[PDB]
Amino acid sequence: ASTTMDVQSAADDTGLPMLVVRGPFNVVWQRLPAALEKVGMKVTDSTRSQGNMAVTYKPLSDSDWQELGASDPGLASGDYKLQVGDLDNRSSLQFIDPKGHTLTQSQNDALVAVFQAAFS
């Protein structure tokens, strides 16, 4: 078997979109910086005890998305915060803009393929 980790779209306990990834916090936290780099997300600061990563996102060119194997997920370039939650054998990933806005269901849905590619 491979190093890929399963990724699914979900909602948090208030109904807002997030991703759920099939491995524990300790694994997903450690894998994230190099996986994020593949999809144009640079970690600029992080706090593991709070589960939070600050990311700056530069979208891939049309050809690079093609190489990765997912198309541009329709996220705006710029800064995001990524919150990594402990769900025992799984982890949650929830992106916010700097105003605290969560992704749309469509963006969050589009990031499922992006992150399955990044972890591969």
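Residue positions are given as counts along the sequence shown, with the first one as 1.
> On mean Cα temperature factor in this entry, is 107-115 or 15-23 the higher one?
The stretch with the larger average C-alpha B-factor is 107-115.
> Tell me which stretch has the larger mean Cα B-factor in this entry, 26-34 or 54-62.
So the stretch with the higher mean C-alpha B-factor is 54-62.
> Looking at the C-alpha B-factor values in the deposited entry, which of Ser49, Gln94, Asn89, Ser46 comes out highest?
That would be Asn89, according to the entry.
> Which one of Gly85, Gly78, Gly69, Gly40 shows the top CA temperature factor in the record?
Each of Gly85, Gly78, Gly69, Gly40 was compared by C-alpha B-factor; the highest is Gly69.
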